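Shown next: input02.txt, containing compact mmCIF, C-alpha atoms and all ligand atoms.
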# COMPACT_ATOMS: atom_id res chain seq x y z
CA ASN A 1 0.00 0.00 0.00
CA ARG A 2 1.06 3.67 -0.55
CA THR A 3 -1.64 5.90 1.08
CA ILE A 4 -0.62 7.78 4.27
CA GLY A 5 -2.50 6.69 7.36
CA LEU A 6 -3.07 8.86 10.43
CA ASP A 7 -3.17 8.00 14.09
CA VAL A 8 -3.16 10.07 17.29
CA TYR A 9 -1.58 8.53 20.38
CA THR A 10 -3.87 8.13 23.43
CA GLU A 11 -2.41 8.71 26.92
CA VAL A 12 -3.14 6.33 29.91
CA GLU A 13 -10.54 13.08 29.41
CA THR A 14 -7.80 12.52 26.78
CA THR A 15 -6.33 15.04 24.25
CA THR A 16 -7.50 12.68 21.44
CA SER A 17 -11.19 12.74 22.50
CA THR A 18 -11.07 16.60 22.55
CA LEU A 19 -9.61 16.65 18.98
CA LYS A 20 -12.20 14.06 17.86
CA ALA A 21 -15.14 16.10 19.31
CA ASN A 22 -13.92 19.57 18.14
CA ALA A 23 -11.94 20.77 15.06
CA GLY A 24 -9.36 17.95 14.71
CA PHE A 25 -5.78 19.02 13.99
CA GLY A 26 -3.57 20.51 11.24
CA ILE A 27 -0.52 18.85 9.59
CA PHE A 28 2.66 20.25 8.01
CA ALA A 29 4.62 17.83 5.84
CA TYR A 30 8.04 18.40 4.23
CA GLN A 31 9.26 16.01 1.56
CA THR A 32 13.10 15.67 1.41
CA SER A 33 15.50 13.27 -0.29
CA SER A 34 16.88 10.20 1.54
CA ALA A 35 19.63 12.67 2.88
CA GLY A 36 17.02 13.74 5.48
CA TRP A 37 15.42 16.55 7.45
CA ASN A 38 18.37 17.84 9.52
CA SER A 39 20.59 18.00 6.37
CA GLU A 40 17.93 19.69 4.15
CA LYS A 41 15.44 21.55 6.48
CA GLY A 42 17.23 24.89 5.86
CA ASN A 43 16.00 25.20 2.24
CA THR A 44 12.82 23.00 2.43
CA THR A 45 9.27 24.49 2.52
CA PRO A 46 6.04 22.62 3.68
CA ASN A 47 5.91 21.21 0.15
CA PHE A 48 3.85 18.06 0.91
CA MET A 49 1.11 19.23 3.33
CA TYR A 50 0.37 22.81 4.43
CA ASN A 51 -2.07 22.98 7.36
CA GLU A 52 -3.82 19.78 6.12
CA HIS A 53 -7.11 19.42 8.05
CA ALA A 54 -7.16 16.02 9.84
CA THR A 55 -10.56 15.04 11.31
CA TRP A 56 -12.16 11.98 12.95
CA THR A 57 -14.99 10.19 11.01
CA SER A 58 -16.69 7.45 13.23
CA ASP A 59 -13.61 5.16 13.70
CA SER A 60 -10.59 6.68 11.80
CA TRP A 61 -8.56 9.91 11.19
CA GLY A 62 -8.73 11.35 7.68
CA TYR A 63 -7.84 14.29 5.43
CA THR A 64 -9.53 15.43 2.15
CA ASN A 65 -6.48 16.11 -0.16
CA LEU A 66 -5.10 12.56 -0.62
CA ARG A 67 -1.35 12.01 -0.55
CA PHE A 68 0.78 8.92 -1.03
CA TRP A 69 4.13 7.72 0.29
CA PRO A 70 6.93 8.21 -2.27
CA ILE A 71 7.62 5.29 -4.68
CA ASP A 72 11.38 6.05 -4.36
CA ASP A 73 13.60 6.56 -1.19
CA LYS A 74 12.38 10.12 -0.46
CA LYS A 75 11.45 10.95 3.16
CA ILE A 76 8.56 12.99 4.69
CA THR A 77 8.84 15.03 7.90
CA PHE A 78 5.63 15.84 9.77
CA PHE A 79 4.58 18.48 12.33
CA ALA A 80 1.11 19.01 13.80
CA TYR A 81 -0.83 21.45 16.04
CA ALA A 82 -4.32 21.63 17.58
CA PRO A 83 -7.04 22.91 17.68
CA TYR A 84 -7.12 23.36 13.89
CA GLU A 85 -7.12 26.95 12.48
CA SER A 86 -9.15 27.28 9.21
CA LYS A 87 -7.95 30.93 8.67
CA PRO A 88 -4.16 30.57 9.39
CA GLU A 89 -3.27 33.96 7.88
CA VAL A 90 -5.23 35.92 10.53
CA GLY A 91 -6.21 33.40 13.27
CA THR A 92 -10.02 33.82 13.18
CA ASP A 93 -10.86 30.49 14.87
CA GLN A 94 -8.13 29.99 17.51
CA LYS A 95 -6.01 33.20 17.38
CA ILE A 96 -3.31 30.97 15.72
CA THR A 97 -1.23 32.49 12.83
CA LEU A 98 0.98 30.01 10.95
CA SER A 99 4.32 30.43 9.18
CA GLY A 100 3.87 30.90 5.41
CA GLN A 101 3.49 28.18 2.74
CA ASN A 102 6.87 29.25 1.26
CA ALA A 103 8.69 29.58 4.64
CA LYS A 104 11.79 27.39 4.97
CA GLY A 105 12.61 25.06 7.86
CA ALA A 106 10.49 23.83 10.78
CA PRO A 107 7.22 25.84 11.03
CA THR A 108 6.14 28.50 13.60
CA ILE A 109 2.89 29.63 15.31
CA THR A 110 2.10 33.19 16.42
CA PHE A 111 -0.37 32.74 19.27
CA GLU A 112 -2.59 35.24 21.21
CA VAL A 113 -4.29 34.36 24.51
CA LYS A 114 -8.14 34.49 24.27
CA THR A 115 -9.45 36.51 27.32
CA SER A 116 -13.13 36.72 26.10
CA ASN A 117 -16.19 35.05 27.79
CA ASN A 118 -14.65 35.41 31.29
CA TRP A 119 -11.53 33.27 30.43
CA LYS A 120 -13.76 30.29 29.44
CA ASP A 121 -12.69 30.37 25.77
CA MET A 122 -8.86 29.96 26.28
CA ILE A 123 -7.22 27.58 23.83
CA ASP A 124 -5.26 24.52 25.07
CA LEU A 125 -2.62 24.74 22.28
CA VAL A 126 -1.01 21.36 21.63
CA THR A 127 1.81 20.62 19.19
CA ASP A 128 3.76 17.74 17.81
CA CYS A 129 7.41 18.11 16.76
CA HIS A 130 8.76 14.74 18.05
CA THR A 131 11.55 13.06 15.97
CA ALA A 132 9.58 9.80 15.45
CA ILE A 133 7.38 11.64 12.84
CA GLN A 134 10.49 13.04 11.02
CA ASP A 135 12.24 11.27 8.07
CA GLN A 136 9.29 8.92 7.52
CA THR A 137 8.98 6.37 4.72
CA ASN A 138 6.26 3.80 4.00
CA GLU A 139 8.39 1.33 6.08
CA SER A 140 8.77 3.55 9.17
CA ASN A 141 5.52 2.59 10.92
CA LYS A 142 3.28 0.43 8.61
CA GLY A 143 2.51 3.57 6.49
CA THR A 144 0.86 5.34 9.47
CA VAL A 145 1.96 8.66 10.96
CA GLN A 146 1.36 8.47 14.71
CA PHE A 147 1.02 11.94 16.24
CA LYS A 148 1.77 12.51 19.94
CA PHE A 149 0.53 15.93 21.08
CA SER A 150 2.21 17.88 23.90
CA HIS A 151 0.76 20.81 25.90
CA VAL A 152 3.04 23.76 25.06
CA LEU A 153 1.31 26.29 27.40
CA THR A 154 1.14 26.52 31.23
CA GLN A 155 -1.99 25.39 33.07
CA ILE A 156 -3.37 27.08 36.27
CA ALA A 157 -5.39 23.97 37.22
CA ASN A 158 -6.76 25.63 40.39
CA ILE A 159 -6.37 28.21 43.15
CA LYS A 160 -7.40 26.65 46.51
CA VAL A 161 -7.85 28.65 49.80
CA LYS A 162 -7.97 27.72 53.53
CA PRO A 163 -7.50 29.45 56.94
CA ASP A 164 -4.43 28.33 59.05
CA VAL A 165 -6.69 27.33 62.01
CA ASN A 166 -10.18 25.89 62.56
CA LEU A 167 -12.61 28.87 62.67
CA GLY A 168 -15.11 27.05 64.85
CA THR A 169 -18.84 27.17 64.21
CA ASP A 170 -19.50 30.96 64.31
CA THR A 171 -16.93 32.21 61.73
CA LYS A 172 -16.64 31.55 57.96
CA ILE A 173 -14.36 32.86 55.16
CA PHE A 174 -15.77 33.64 51.70
CA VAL A 175 -13.68 34.49 48.61
CA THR A 176 -15.48 37.07 46.39
CA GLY A 177 -12.81 38.22 43.93
CA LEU A 178 -9.47 37.37 42.32
CA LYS A 179 -7.17 39.22 39.89
CA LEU A 180 -3.85 38.20 38.29
CA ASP A 181 -1.15 40.93 38.50
CA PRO A 182 1.17 40.10 35.53
CA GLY A 183 3.65 42.90 36.15
CA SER A 184 4.59 44.88 33.02
CA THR A 185 7.32 42.90 31.12
CA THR A 186 6.89 39.23 32.31
CA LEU A 187 3.76 37.49 30.90
CA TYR A 188 3.22 37.44 27.12
CA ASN A 189 -0.28 37.82 25.71
CA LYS A 190 1.07 37.22 22.16
CA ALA A 191 4.20 35.13 21.28
CA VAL A 192 5.95 32.91 18.65
CA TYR A 193 6.20 29.10 19.17
CA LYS A 194 9.06 27.45 17.26
CA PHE A 195 8.71 23.84 16.09
CA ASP A 196 12.50 23.63 15.54
CA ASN A 197 13.32 23.41 19.30
CA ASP A 198 9.84 23.36 20.97
CA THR A 199 10.23 26.83 22.60
CA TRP A 200 8.41 30.17 22.81
CA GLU A 201 9.97 33.53 21.99
CA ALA A 202 8.62 37.16 21.94
CA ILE A 203 6.86 38.63 18.90
CA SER A 204 9.10 40.87 16.69
CA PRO A 205 10.11 43.71 16.66
CA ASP A 206 8.36 44.43 20.01
CA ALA A 207 7.26 41.93 22.69
CA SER A 208 3.52 41.86 23.55
CA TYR A 209 2.68 41.58 27.24
CA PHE A 210 -0.15 41.45 29.74
CA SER A 211 0.72 44.74 31.55
CA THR A 212 -2.49 45.42 33.52
CA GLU A 213 -4.36 43.50 36.26
CA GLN A 214 -6.48 40.70 34.81
CA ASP A 215 -9.83 40.19 36.55
CA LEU A 216 -10.63 36.51 37.19
CA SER A 217 -13.64 37.16 39.53
CA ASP A 218 -16.30 35.99 37.04
CA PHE A 219 -14.17 32.90 36.17
CA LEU A 220 -14.46 31.70 39.78
CA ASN A 221 -17.04 29.04 40.66
CA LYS A 222 -19.00 31.48 42.93
CA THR A 223 -22.43 30.38 44.30
CA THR A 224 -25.27 32.05 46.26
CA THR A 225 -24.77 32.44 49.99
CA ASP A 226 -27.22 32.84 52.90
CA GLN A 227 -25.22 32.69 56.09
CA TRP A 228 -26.42 34.80 59.06
CA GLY A 229 -27.52 37.66 56.75
CA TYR A 230 -24.39 37.32 54.54
CA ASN A 231 -25.62 36.86 50.97
CA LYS A 232 -22.78 37.86 48.63
CA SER A 233 -22.07 35.57 45.57
CA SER A 234 -18.93 33.78 46.84
CA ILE A 235 -16.94 30.54 47.57
CA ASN A 236 -16.91 29.22 51.17
CA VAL A 237 -13.23 28.46 51.92
CA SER A 238 -13.65 27.87 55.78
CA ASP A 239 -12.26 24.24 55.86
CA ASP A 240 -8.82 24.30 57.55
CA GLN A 241 -8.20 20.57 56.86
CA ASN A 242 -8.66 20.65 53.01
CA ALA A 243 -8.17 23.82 50.95
CA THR A 244 -11.28 24.76 48.92
CA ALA A 245 -11.02 25.22 45.11
CA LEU A 246 -11.92 28.59 43.45
CA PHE A 247 -12.20 27.06 39.90
CA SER A 248 -14.75 24.44 38.86
CA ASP A 249 -13.57 20.84 38.12
CA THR A 250 -13.86 21.38 34.37
CA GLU A 251 -12.37 24.94 34.21
CA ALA A 252 -8.63 25.94 34.07
CA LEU A 253 -6.46 28.80 32.69
CA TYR A 254 -3.97 28.27 29.82
CA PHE A 255 -1.25 30.88 29.40
CA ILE A 256 1.88 31.41 27.22
CA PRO A 257 4.52 30.12 29.74
CA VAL A 258 7.14 32.33 31.43
CA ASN A 259 10.77 31.49 30.39
CA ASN A 260 9.51 28.28 28.75
CA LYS A 261 10.17 25.23 31.01
CA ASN A 262 11.96 27.38 33.68
CA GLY A 263 9.11 29.65 34.82
CA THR A 264 9.27 33.04 36.57
CA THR A 265 12.76 34.28 37.49
CA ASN A 266 11.70 35.66 40.92
CA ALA A 267 8.97 35.37 43.52
CA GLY A 268 6.43 38.11 42.95
CA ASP A 269 7.16 38.49 39.21
CA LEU A 270 3.55 37.23 39.00
CA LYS A 271 1.05 38.05 41.79
CA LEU A 272 -2.59 37.48 42.77
CA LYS A 273 -5.01 40.17 44.15
CA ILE A 274 -7.61 38.48 46.38
CA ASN A 275 -10.89 39.71 47.98
CA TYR A 276 -12.44 37.86 50.92
CA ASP A 277 -14.94 38.29 53.78
CA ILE A 278 -14.54 36.93 57.34
CA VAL A 279 -18.11 36.50 58.60
CA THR A 280 -18.84 36.06 62.33
CA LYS A 281 -22.36 35.13 63.59
CA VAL A 282 -24.27 37.64 65.74
CA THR A 283 -27.80 36.16 65.29
CA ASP A 284 -29.34 33.76 62.71
CA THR A 285 -30.15 36.88 60.59
CA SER A 286 -27.27 39.24 61.47
CA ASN A 287 -23.45 39.21 61.48
CA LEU A 288 -20.15 41.08 61.53
CA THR A 289 -18.26 40.97 58.22
CA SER A 290 -14.59 41.86 57.91
CA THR A 291 -14.03 42.69 54.19
CA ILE A 292 -10.44 42.56 52.78
CA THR A 293 -10.08 43.53 49.07
CA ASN A 294 -7.09 43.96 46.65
CA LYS A 295 -4.83 41.91 49.02
CA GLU A 296 -1.54 41.13 47.24
CA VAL A 297 -0.30 37.52 47.18
CA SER A 298 3.10 36.90 45.50
CA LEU A 299 3.41 33.73 43.41
CA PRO A 300 6.69 31.78 43.95
CA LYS A 301 9.63 31.69 41.56
CA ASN A 302 9.83 28.99 38.83
CA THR A 303 6.03 29.22 38.22
CA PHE A 304 4.00 29.41 34.95
CA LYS A 305 6.29 26.59 33.59
CA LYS A 306 5.74 25.22 30.05
CA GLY A 307 4.02 21.83 30.08
CA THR A 308 3.23 22.06 33.85
CA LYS A 309 -0.17 22.04 35.65
CA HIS A 310 0.05 24.50 38.63
CA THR A 311 -2.30 24.39 41.64
CA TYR A 312 -1.75 27.22 44.10
CA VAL A 313 -2.75 26.55 47.70
CA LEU A 314 -3.24 29.80 49.70
CA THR A 315 -3.24 29.71 53.51
CA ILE A 316 -4.80 32.78 55.11
CA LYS A 317 -2.99 33.35 58.46
CA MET A 318 -5.62 34.38 61.03
CA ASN A 319 -3.15 35.92 63.55
CA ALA A 320 -1.43 38.12 60.90
CA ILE A 321 -1.70 40.00 57.49
CA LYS A 322 0.17 37.24 55.57
CA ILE A 323 -1.21 34.78 52.95
CA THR A 324 1.35 32.07 52.14
CA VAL A 325 1.43 30.11 48.84
CA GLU A 326 2.29 26.52 47.85
CA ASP A 327 2.86 25.85 44.16
CA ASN A 328 1.82 22.24 43.65
CA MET A 329 3.08 21.16 40.22
CA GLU A 330 2.24 18.20 37.92
CA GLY A 331 3.43 17.20 34.50
CA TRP A 332 0.78 18.26 32.03
CA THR A 333 0.02 14.83 30.45
CL CL B 401 -9.29 38.10 23.60
CL CL B 402 7.43 43.13 35.35
CL CL B 403 -3.84 47.81 36.25
CL CL B 404 -25.66 29.06 42.90
CL CL B 405 -15.54 24.72 53.18
CL CL B 406 12.82 34.59 44.66

Would you mind writing the structure in this file as structure tokens?
Amino acid sequence: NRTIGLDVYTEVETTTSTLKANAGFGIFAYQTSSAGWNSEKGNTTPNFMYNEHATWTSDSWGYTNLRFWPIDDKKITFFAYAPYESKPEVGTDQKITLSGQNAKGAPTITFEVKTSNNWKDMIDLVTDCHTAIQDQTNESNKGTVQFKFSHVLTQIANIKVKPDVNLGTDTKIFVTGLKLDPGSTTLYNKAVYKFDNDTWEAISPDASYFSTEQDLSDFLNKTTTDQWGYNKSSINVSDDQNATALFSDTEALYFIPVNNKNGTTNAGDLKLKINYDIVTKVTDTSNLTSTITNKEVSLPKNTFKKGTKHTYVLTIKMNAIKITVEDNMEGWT
């Protein structure tokens, strides 16, 4: 056989099910001689596939413009990204701009972070530039290109809060607001992802940053409250034993990472601004509320790491001003 088969590797919800349900993915393919990709990439353009739309139809992955493996000893190098962008010149669908059809070498992506619909529309940009899909022939893997997508952004999986002591029965803490303070020259809102070495760099000639406080209050999983007259839309974070989540189970933030896999250089390069109420019972229908707003919380160094899931656990110290942070990290797989 000579037709090119597609497969997407499934990890032990999966990335694959998301691609199957949504827009699928896009493929770049560069045909070289037997000499290979590293020898010839410098003067090779995506001459075989340029943003080829790969979609799932019932039980298999397919593409419309059919292509065949070479009859001779020529090789094909593949790259892939997701979610697919149907307007790659402007980034209508995903705010993804691709390197041109006549650009030489490994491709690039210019990506902008989607802040619309209260952060609920952010794209989980995945790419594939692993060597096992480079220098492929019909004999490489039974004529099938197996893609393995990696998360190239940073995930803020959750922000959890708890007091440092048990508040007893007559006092509760409610979180009502949260902002991210990105500094002025730290967090990119627009950046270039390079498939050559799987790294992010600034846009040219001038870097594009988040330089103002970003309000996350409507992103938070706030619910109605009716506690001793207190009825502000909030999250009860009173449990001292287990920190209470501010994001819902299905919601997370996906940002262009800071310093790629290294994260922030210093503690407080990135900060949080939190609002919370300490409610003490007076009667069943009345209370005393202590409202703290715009309280600064510095995030630790080596945070917002590429390919990492970060969960921040905030401990509100009841005998002081202080809010201390734990950056719990996981590999984003
Ligand atoms: Cl936006
Ligand atoms: Cl800064
Ligand atoms: Cl501001
Ligand atoms: Cl509710
Ligand atoms: Cl609770
Ligand atoms: Cl530090």

Separation of atom CA of residue A:198 from atom CA of residue A:181, in Å and rounded to one decimal: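 Pair atom CA of residue A:198 / atom CA of residue A:181 returns 27.1 Å.
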
message: I want to know what sits within 9 Å of residue A:25, based on only C-alpha atoms, with residues of the same chain fewer than 6 positions away left out; could you give that as a PyMOL selection string?
response: chain A and resi 19+51-55+80-85

With 8 Å on each side, where is the centre of the axis-aligned box around all listed atoms of stretch 238-254 of chain A, and how long are its edges in Å to one decimal, as lines of an AutoDock Vina configuration file?
center_x = -9.4
center_y = 24.7
center_z = 43.7
size_x = 26.8
size_y = 24.2
size_z = 43.7

- request: Would you work out the distance separating atom CA of residue A:311 from atom CA of residue A:112, expressed in Å to one decimal?
  value: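 These atoms are spaced 23.1 Å apart.
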
- request: Find the distance between atom CL of ligand CL 401 (chain B) and atom CA of residue A:292 and write it in Å to one decimal.
  value: 29.5 Å

Extract, using all atoms listed in the file, all DNA, RNA and protein residues at most 7 Å from stretch 90-106 of chain A, discarding same-chain residues fewer than 4 positions from it, and format them as a compact mmCIF listing (two decimals) with C-alpha atoms, in the coordinates of the input.
# COMPACT_ATOMS: atom_id res chain seq x y z
CA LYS A 41 15.44 21.55 6.48
CA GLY A 42 17.23 24.89 5.86
CA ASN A 43 16.00 25.20 2.24
CA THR A 44 12.82 23.00 2.43
CA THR A 45 9.27 24.49 2.52
CA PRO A 46 6.04 22.62 3.68
CA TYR A 50 0.37 22.81 4.43
CA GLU A 85 -7.12 26.95 12.48
CA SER A 86 -9.15 27.28 9.21
CA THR A 110 2.10 33.19 16.42
CA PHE A 111 -0.37 32.74 19.27
CA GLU A 112 -2.59 35.24 21.21
CA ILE A 123 -7.22 27.58 23.83
CA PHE A 195 8.71 23.84 16.09
CA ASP A 196 12.50 23.63 15.54

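With distances taken over all atoms listed in the file, A:118 is the one residue among A:118, A:227, A:35, A:69 lying closest to ligand CL 401 (chain B).
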
query: Hey, which residues come within 6 Å of ligand CL 405 (chain B) if we count all atoms listed in the file? Could you give them as a VMD selection string?
result: chain A and resid 236 to 239

As a short mmCIF file (atom, residue, chain, number, x, y, z; two decimals) with C-alpha atoms, in the frame of the given file, please: the residues near residue A:207 (cut-off 8 Å, all atoms listed in the file, same-chain neighbours under 3 positions excluded).
data_model
loop_
_atom_site.label_atom_id
_atom_site.label_comp_id
_atom_site.auth_asym_id
_atom_site.auth_seq_id
_atom_site.Cartn_x
_atom_site.Cartn_y
_atom_site.Cartn_z
CA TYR A 188 3.22 37.44 27.12
CA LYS A 190 1.07 37.22 22.16
CA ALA A 191 4.20 35.13 21.28
CA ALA A 202 8.62 37.16 21.94
CA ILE A 203 6.86 38.63 18.90
CA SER A 204 9.10 40.87 16.69
#

Residues near residue A:128, cut-off 8 Å, only C-alpha atoms, skip fewer than 5 positions along chain, as a PyMOL selection string: chain A and resi 79-81+147-150

query: Counting only C-alpha atoms, which of A:318, A:66, A:192, A:159 gets nearest to residue A:249?
result: A:159

Nearby polymer residues, ligand CL 401 (chain B), at most 8 Å, only C-alpha atoms and all ligand atoms, as a PyMOL selection string: chain A and resi 112-116

message: Restricting the calculation to all atoms listed in the file: of A:119, A:174, A:136, A:193, which residue gets closest to residue A:216?
response: A:119

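Where the distance criterion is 9 Å and the atoms used are all atoms listed in the file, the residues close to ligand CL 403 (chain B) are residues 181, 183, 211, 212, 213 and 214 of chain A.
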
message: As a quick test: using only C-alpha atoms and all ligand atoms, which residues lie no more than 6 Å away from ligand CL 406 (chain B)? Give them as a PyMOL selection string.
response: chain A and resi 266-267+301

Could you write out that same residue set with C-alpha atoms as a short mmCIF file (atom, residue, chain, number, x, y, z; two decimals), keeping the file's coordinate frame?
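And here's selection02.cif as it stands now:
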data_model
loop_
_atom_site.label_atom_id
_atom_site.label_comp_id
_atom_site.auth_asym_id
_atom_site.auth_seq_id
_atom_site.Cartn_x
_atom_site.Cartn_y
_atom_site.Cartn_z
CA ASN A 266 11.70 35.66 40.92
CA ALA A 267 8.97 35.37 43.52
CA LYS A 301 9.63 31.69 41.56
#

Generate the missing atoms of stretch 306-319 of chain A up to N, CA and C atoms and report them as a PDB file, in the frame of the given file.
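Writing done, so here's rebuild-v1.pdb:
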ATOM      1  N   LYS A 306       6.247  25.907  31.246  1.00  0.00           N
ATOM      2  CA  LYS A 306       5.740  25.220  30.050  1.00  0.00           C
ATOM      3  C   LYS A 306       5.517  23.744  30.339  1.00  0.00           C
ATOM      4  N   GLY A 307       4.367  23.237  29.924  1.00  0.00           N
ATOM      5  CA  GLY A 307       4.020  21.830  30.080  1.00  0.00           C
ATOM      6  C   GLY A 307       3.794  21.367  31.506  1.00  0.00           C
ATOM      7  N   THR A 308       3.512  22.316  32.430  1.00  0.00           N
ATOM      8  CA  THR A 308       3.230  22.060  33.850  1.00  0.00           C
ATOM      9  C   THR A 308       1.810  22.501  34.175  1.00  0.00           C
ATOM     10  N   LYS A 309       1.119  21.721  35.027  1.00  0.00           N
ATOM     11  CA  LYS A 309      -0.170  22.040  35.650  1.00  0.00           C
ATOM     12  C   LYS A 309       0.136  22.614  37.043  1.00  0.00           C
ATOM     13  N   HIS A 310      -0.179  23.895  37.301  1.00  0.00           N
ATOM     14  CA  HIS A 310       0.050  24.500  38.630  1.00  0.00           C
ATOM     15  C   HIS A 310      -1.243  24.635  39.416  1.00  0.00           C
ATOM     16  N   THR A 311      -1.210  24.195  40.678  1.00  0.00           N
ATOM     17  CA  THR A 311      -2.300  24.390  41.640  1.00  0.00           C
ATOM     18  C   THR A 311      -1.721  25.191  42.769  1.00  0.00           C
ATOM     19  N   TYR A 312      -2.235  26.401  42.987  1.00  0.00           N
ATOM     20  CA  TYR A 312      -1.750  27.220  44.100  1.00  0.00           C
ATOM     21  C   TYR A 312      -2.623  27.019  45.308  1.00  0.00           C
ATOM     22  N   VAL A 313      -2.008  26.685  46.452  1.00  0.00           N
ATOM     23  CA  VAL A 313      -2.750  26.550  47.700  1.00  0.00           C
ATOM     24  C   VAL A 313      -2.369  27.724  48.572  1.00  0.00           C
ATOM     25  N   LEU A 314      -3.358  28.573  48.880  1.00  0.00           N
ATOM     26  CA  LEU A 314      -3.240  29.800  49.700  1.00  0.00           C
ATOM     27  C   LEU A 314      -3.750  29.575  51.105  1.00  0.00           C
ATOM     28  N   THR A 315      -2.883  29.839  52.106  1.00  0.00           N
ATOM     29  CA  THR A 315      -3.240  29.710  53.510  1.00  0.00           C
ATOM     30  C   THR A 315      -3.357  31.112  54.081  1.00  0.00           C
ATOM     31  N   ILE A 316      -4.570  31.489  54.488  1.00  0.00           N
ATOM     32  CA  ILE A 316      -4.800  32.780  55.110  1.00  0.00           C
ATOM     33  C   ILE A 316      -4.469  32.643  56.594  1.00  0.00           C
ATOM     34  N   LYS A 317      -3.429  33.362  57.060  1.00  0.00           N
ATOM     35  CA  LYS A 317      -2.990  33.350  58.460  1.00  0.00           C
ATOM     36  C   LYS A 317      -3.913  34.241  59.248  1.00  0.00           C
ATOM     37  N   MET A 318      -4.640  33.664  60.215  1.00  0.00           N
ATOM     38  CA  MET A 318      -5.620  34.380  61.030  1.00  0.00           C
ATOM     39  C   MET A 318      -4.999  35.268  62.106  1.00  0.00           C
ATOM     40  N   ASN A 319      -3.741  35.047  62.521  1.00  0.00           N
ATOM     41  CA  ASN A 319      -3.150  35.920  63.550  1.00  0.00           C
ATOM     42  C   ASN A 319      -2.284  37.033  62.946  1.00  0.00           C
TER      43      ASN A 319
END
